[PDB]
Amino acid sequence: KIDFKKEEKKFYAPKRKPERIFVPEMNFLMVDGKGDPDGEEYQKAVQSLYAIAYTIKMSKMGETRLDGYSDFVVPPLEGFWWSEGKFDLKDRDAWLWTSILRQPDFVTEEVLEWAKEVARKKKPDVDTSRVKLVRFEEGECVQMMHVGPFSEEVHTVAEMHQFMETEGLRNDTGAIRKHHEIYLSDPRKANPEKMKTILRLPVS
(Lines of atoms letter the chains of each structure in order from A and count residues from 1; the text may use other names and numbers.)
(Lines give C-alpha, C1' and ligand atoms only; values in the text may rest on other atoms or scores of the structure.)
Protein backbone atom coordinates (compact mmCIF):
# COMPACT_ATOMS: atom_id res chain seq x y z
CA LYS A 1 0.00 0.00 0.00
CA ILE A 2 1.43 3.30 -1.21
CA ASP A 3 1.66 6.01 1.48
CA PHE A 4 3.45 9.10 0.20
CA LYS A 5 3.80 10.77 3.60
CA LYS A 6 5.50 7.72 5.07
CA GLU A 7 7.58 6.76 2.04
CA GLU A 8 8.83 10.24 1.17
CA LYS A 9 9.32 12.05 4.50
CA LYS A 10 11.73 14.61 2.98
CA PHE A 11 8.78 16.14 1.12
CA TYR A 12 6.08 15.80 3.79
CA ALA A 13 8.00 16.22 7.06
CA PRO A 14 10.19 19.29 6.93
CA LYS A 15 11.50 20.80 10.09
CA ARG A 16 10.31 24.13 11.49
CA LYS A 17 13.11 25.98 9.83
CA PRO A 18 13.80 26.78 6.19
CA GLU A 19 15.52 24.16 4.02
CA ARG A 20 16.29 23.72 0.34
CA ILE A 21 14.51 20.88 -1.40
CA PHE A 22 14.32 19.71 -5.01
CA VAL A 23 10.82 18.40 -5.68
CA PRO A 24 10.81 15.98 -8.64
CA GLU A 25 7.99 15.26 -11.07
CA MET A 26 4.88 13.90 -9.35
CA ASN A 27 1.45 12.92 -10.64
CA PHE A 28 -1.52 15.03 -9.55
CA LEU A 29 -5.22 15.57 -9.84
CA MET A 30 -5.72 19.35 -10.09
CA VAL A 31 -8.58 21.85 -10.19
CA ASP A 32 -7.90 25.48 -11.09
CA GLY A 33 -10.14 28.17 -9.60
CA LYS A 34 -10.57 31.70 -8.37
CA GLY A 35 -11.82 33.57 -5.34
CA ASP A 36 -12.06 33.33 -1.60
CA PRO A 37 -11.44 29.76 -0.45
CA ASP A 38 -14.26 30.23 2.03
CA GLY A 39 -16.52 30.51 -1.07
CA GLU A 40 -18.46 28.01 -3.15
CA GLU A 41 -16.03 27.63 -6.00
CA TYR A 42 -13.21 26.37 -3.79
CA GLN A 43 -15.58 24.13 -1.82
CA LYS A 44 -16.73 22.58 -5.11
CA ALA A 45 -13.13 22.23 -6.36
CA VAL A 46 -12.11 20.24 -3.31
CA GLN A 47 -15.34 18.22 -3.47
CA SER A 48 -14.70 17.36 -7.12
CA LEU A 49 -11.03 16.41 -6.45
CA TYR A 50 -11.97 14.09 -3.61
CA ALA A 51 -14.87 12.61 -5.58
CA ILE A 52 -12.39 11.41 -8.20
CA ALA A 53 -9.56 10.50 -5.79
CA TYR A 54 -11.91 8.33 -3.71
CA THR A 55 -13.48 6.77 -6.79
CA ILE A 56 -10.00 5.58 -7.74
CA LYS A 57 -9.12 4.53 -4.12
CA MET A 58 -12.45 2.84 -3.38
CA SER A 59 -12.39 0.93 -6.68
CA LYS A 60 -10.73 -1.80 -4.61
CA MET A 61 -14.05 -2.77 -3.03
CA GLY A 62 -15.25 -4.21 -6.36
CA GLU A 63 -13.90 -6.07 -9.38
CA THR A 64 -12.40 -3.44 -11.66
CA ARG A 65 -9.63 -2.82 -14.15
CA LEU A 66 -7.60 -1.38 -11.25
CA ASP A 67 -7.47 -4.73 -9.34
CA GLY A 68 -3.82 -5.33 -10.33
CA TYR A 69 -2.45 -2.04 -9.10
CA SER A 70 -1.40 -1.20 -5.54
CA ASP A 71 -3.75 0.27 -3.02
CA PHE A 72 -2.79 3.68 -1.63
CA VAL A 73 -3.46 6.17 1.18
CA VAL A 74 -5.15 9.35 -0.08
CA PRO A 75 -2.49 12.05 0.41
CA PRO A 76 -2.98 15.47 2.02
CA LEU A 77 -4.70 18.22 0.09
CA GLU A 78 -2.32 20.80 -1.37
CA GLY A 79 -2.79 24.17 -3.06
CA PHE A 80 -0.94 26.64 -5.22
CA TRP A 81 -1.86 30.29 -4.77
CA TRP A 82 -1.36 33.44 -6.80
CA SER A 83 -3.10 36.50 -8.16
CA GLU A 84 -3.20 38.65 -11.33
CA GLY A 85 -1.95 41.69 -9.40
CA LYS A 86 -0.09 42.05 -6.11
CA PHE A 87 -1.28 39.35 -3.71
CA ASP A 88 -3.42 40.76 -0.87
CA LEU A 89 -4.39 38.88 2.29
CA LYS A 90 -7.18 41.46 2.72
CA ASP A 91 -8.48 40.81 -0.84
CA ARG A 92 -9.32 37.11 -0.87
CA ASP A 93 -11.76 37.55 -3.77
CA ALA A 94 -8.78 38.29 -6.09
CA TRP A 95 -7.01 35.01 -5.20
CA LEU A 96 -6.27 32.49 -7.94
CA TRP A 97 -5.45 28.93 -7.03
CA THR A 98 -5.00 25.32 -7.99
CA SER A 99 -6.19 22.62 -5.58
CA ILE A 100 -4.33 19.31 -5.91
CA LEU A 101 -4.04 15.71 -4.68
CA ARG A 102 -1.02 13.55 -5.55
CA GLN A 103 -1.82 10.24 -7.29
CA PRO A 104 0.05 7.03 -7.83
CA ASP A 105 2.06 6.96 -11.04
CA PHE A 106 -0.34 4.27 -12.40
CA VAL A 107 -3.14 6.84 -12.64
CA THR A 108 -3.22 7.79 -16.33
CA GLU A 109 -5.58 9.87 -18.42
CA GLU A 110 -7.51 6.63 -19.21
CA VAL A 111 -7.89 5.92 -15.50
CA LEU A 112 -9.13 9.49 -14.94
CA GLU A 113 -11.75 9.13 -17.69
CA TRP A 114 -12.92 5.83 -16.17
CA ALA A 115 -13.16 7.41 -12.72
CA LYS A 116 -15.19 10.34 -14.06
CA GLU A 117 -17.68 7.94 -15.63
CA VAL A 118 -17.96 5.87 -12.43
CA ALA A 119 -18.44 8.98 -10.28
CA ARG A 120 -21.09 10.38 -12.64
CA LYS A 121 -23.14 7.23 -12.08
CA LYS A 122 -22.56 7.11 -8.31
CA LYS A 123 -22.81 10.91 -7.70
CA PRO A 124 -24.49 12.53 -10.74
CA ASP A 125 -24.80 15.91 -9.03
CA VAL A 126 -21.04 16.28 -8.44
CA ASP A 127 -19.45 17.91 -11.49
CA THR A 128 -15.89 16.74 -12.21
CA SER A 129 -15.28 18.61 -15.48
CA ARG A 130 -12.53 20.77 -13.98
CA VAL A 131 -10.51 17.82 -12.61
CA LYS A 132 -7.38 17.28 -14.70
CA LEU A 133 -4.39 14.96 -14.44
CA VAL A 134 -1.00 16.68 -14.61
CA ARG A 135 2.52 15.39 -14.09
CA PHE A 136 4.43 18.37 -12.66
CA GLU A 137 7.98 18.98 -11.47
CA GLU A 138 7.93 21.70 -8.87
CA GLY A 139 11.76 21.83 -8.85
CA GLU A 140 14.11 23.82 -6.60
CA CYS A 141 12.32 25.24 -3.58
CA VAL A 142 12.63 26.32 0.02
CA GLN A 143 10.23 24.75 2.52
CA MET A 144 9.36 24.96 6.17
CA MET A 145 6.80 23.44 8.51
CA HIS A 146 4.31 25.98 9.79
CA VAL A 147 2.67 24.96 13.09
CA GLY A 148 -0.33 27.10 14.13
CA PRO A 149 -3.09 29.31 12.63
CA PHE A 150 -2.94 30.45 8.96
CA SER A 151 -2.82 34.08 10.22
CA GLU A 152 0.68 33.44 11.68
CA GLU A 153 2.01 32.23 8.28
CA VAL A 154 3.49 35.70 7.67
CA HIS A 155 6.18 34.93 10.27
CA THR A 156 7.09 31.58 8.69
CA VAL A 157 7.27 33.20 5.24
CA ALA A 158 9.49 35.96 6.67
CA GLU A 159 11.95 33.31 8.01
CA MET A 160 11.97 31.66 4.58
CA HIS A 161 12.64 34.96 2.79
CA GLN A 162 15.49 35.68 5.25
CA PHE A 163 16.96 32.23 4.53
CA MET A 164 16.80 32.92 0.77
CA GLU A 165 18.63 36.21 1.24
CA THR A 166 21.34 34.64 3.37
CA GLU A 167 21.76 31.70 0.95
CA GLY A 168 21.83 33.83 -2.21
CA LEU A 169 18.64 32.30 -3.57
CA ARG A 170 16.28 34.16 -5.88
CA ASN A 171 12.60 34.09 -4.94
CA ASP A 172 10.66 32.88 -8.00
CA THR A 173 7.24 33.06 -6.28
CA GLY A 174 4.64 34.41 -8.68
CA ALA A 175 2.07 33.49 -11.27
CA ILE A 176 4.19 30.81 -12.90
CA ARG A 177 6.06 29.07 -10.07
CA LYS A 178 3.52 29.51 -7.25
CA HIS A 179 3.29 29.80 -3.45
CA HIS A 180 2.53 26.24 -2.30
CA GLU A 181 0.82 24.90 0.82
CA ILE A 182 0.41 21.26 1.84
CA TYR A 183 -2.43 20.81 4.33
CA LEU A 184 -1.21 18.12 6.67
CA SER A 185 -3.87 18.81 9.30
CA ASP A 186 -7.68 18.59 8.96
CA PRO A 187 -9.22 21.62 10.75
CA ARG A 188 -12.01 19.29 11.90
CA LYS A 189 -9.45 17.19 13.74
CA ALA A 190 -6.69 19.58 14.88
CA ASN A 191 -6.82 22.47 17.36
CA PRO A 192 -5.88 25.77 15.58
CA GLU A 193 -2.68 25.99 17.61
CA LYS A 194 -1.70 22.55 16.39
CA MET A 195 -2.41 22.94 12.64
CA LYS A 196 0.50 21.65 10.52
CA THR A 197 0.93 23.15 7.02
CA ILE A 198 3.99 22.88 4.81
CA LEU A 199 4.84 26.16 3.09
CA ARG A 200 7.02 25.76 0.03
CA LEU A 201 8.34 28.58 -2.18
CA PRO A 202 10.12 28.26 -5.56
CA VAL A 203 13.69 29.52 -5.92
CA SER A 204 16.48 29.84 -8.42
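Position 1 is the first residue in the sequence shown; the rest follow in order.
Looking at 92-100 and 128-136 together, the entry lists the larger mean B-factor for 92-100, computed on C-alpha atoms.
In this crystal structure, the stretch out of 26-34 and 170-178 whose C-alpha atoms carry the higher mean B factor is 170-178. Sort the chain's modelled residues by C-alpha temperature factor and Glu84 lands in the highest third, per the entry.
Ranked within its chain, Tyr42 lands in the middle third, by CA B factor from the PDB record. Annotation for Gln143: CA B-factor lies in the lowest third of the chain's modelled residues. Compared with the other modelled residues of the chain, the Cα B-factor recorded for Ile56 ranks in the middle third.
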